[PDB]
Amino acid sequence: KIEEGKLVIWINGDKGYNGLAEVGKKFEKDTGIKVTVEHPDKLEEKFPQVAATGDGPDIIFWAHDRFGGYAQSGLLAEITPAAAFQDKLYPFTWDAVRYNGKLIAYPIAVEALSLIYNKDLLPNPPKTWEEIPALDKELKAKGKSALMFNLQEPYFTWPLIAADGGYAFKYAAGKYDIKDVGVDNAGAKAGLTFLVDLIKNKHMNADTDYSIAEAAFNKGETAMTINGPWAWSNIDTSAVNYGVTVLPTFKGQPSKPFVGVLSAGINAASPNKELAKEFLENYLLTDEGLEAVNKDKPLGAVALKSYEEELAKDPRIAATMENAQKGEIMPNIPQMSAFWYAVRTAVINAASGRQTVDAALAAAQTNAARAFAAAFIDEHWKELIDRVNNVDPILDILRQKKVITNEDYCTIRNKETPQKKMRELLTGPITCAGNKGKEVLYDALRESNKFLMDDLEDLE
């Protein structure tokens, strides 16, 4: 399990993890408690898997939107800061980590996407998305491009989808309504259509990811990118003279980035909860602790009032907060991971021309409102049939969980190969047991065909 008397921290590989480890070394010097900082790939999807068995890190860092799902699953310990400490952070950052009345993490920093532009290539950046096609034509004439940013993560394309009316879950009467999903209204369709036309007309490439866009901007090959504060450090190191500014408007409306509060949660299974509290409150969330992390990769606008007063004078932070004000704080509700998966699928499918914009967003509207696991099954059902090897345990689990009947079990168990059993299952009783039946099937697959499931989720 988790080792007593030391701290293991998980944080994403784009953050200042080397600066965070320096805070860990100061902690160990004063206490004898070793602190190990790791940056596993896809840690936000690995954490609920390993923590459910009592494993994982003592502390997990991620934007707050994932933490409601974690807390609903019982994976996070309640945060209990004294009043003098709670006063040290902005109250709105505490609101981001409150779930069902309860603080479930320590807020660290406010993150929002901005437009980043090369001041030597583009002395005045475009105020509107609509002018970017013409700008790209001009820059292609000179051997450059207008704009490159990560098209593989919906976090980066959401500001444009939301600009003219898209939204995740409608907020009303103090609660999010998982009905009013707004990923398929006229504003969302217009934004994704504009994005998809950029790719169609060869102003962007559907295969551009984080590293490709970062490399191109930092080599001076593209005039603009979209990124967060963590990216400024690498541009500082490049030769690019860059500015950070408000995102372009679409149909006269501001782009609306989803605002994330980088947060540190304590594993409910950790035997080191008191050491973790001490590290986070007395070492990390101080002027010198946050400065060490921020010097490695900028955090954005920090939750710690005393340090934020210094950072707020940076014009790049002013741009971050200007974009933050035009966007929305992300919900932390458990449905957020289903929302993100739905929008990720829609953008990839529409950008490749595999689906029309309208069909992509119609699926996203349905998928955002149901469990992640159900959409996962529906999106991989052909691969499941072709690759599963171990079907009898699945049937046993489905029968004992009452998804299928005794007759179903005997009928399917009688077939000769795993592919035939799986096809009868997926086109028979699994189509008839709602989303819940597909969620039970997903759990059964992870108990019986874990490598297949890990590979399909790209966790291996």
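Residue positions are given as counts along the sequence shown, with the first one as 1.
- The stretch with the higher mean CA B factor, choosing between 417-425 and 430-438, is 417-425.
- Once the C-alpha B-factors are averaged per stretch, 108-116 and 386-394 rank with 386-394 first.
- The PDB entry assigns its highest CA temperature factor, among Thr320, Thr157, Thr128, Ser306, to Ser306.
- The residue among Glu153, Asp358, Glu310, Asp296 whose C-alpha carries the highest B-factor in the deposited model is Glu310.
- Ranked within its chain, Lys42 lands in the highest third, by CA B factor from the PDB record.
- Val50 sits in the highest third of its chain by CA B factor, as recorded in the PDB entry.
- Remark: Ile412 belongs to the highest third of its chain, ranked by C-alpha B-factor as recorded.
- When the modelled residues of the chain are ordered by C-alpha B-factor, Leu7 sits in the lowest third.
- In the deposited entry, the Cα temperature factor of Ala206 sits in the top third of values across the chain's modelled residues.
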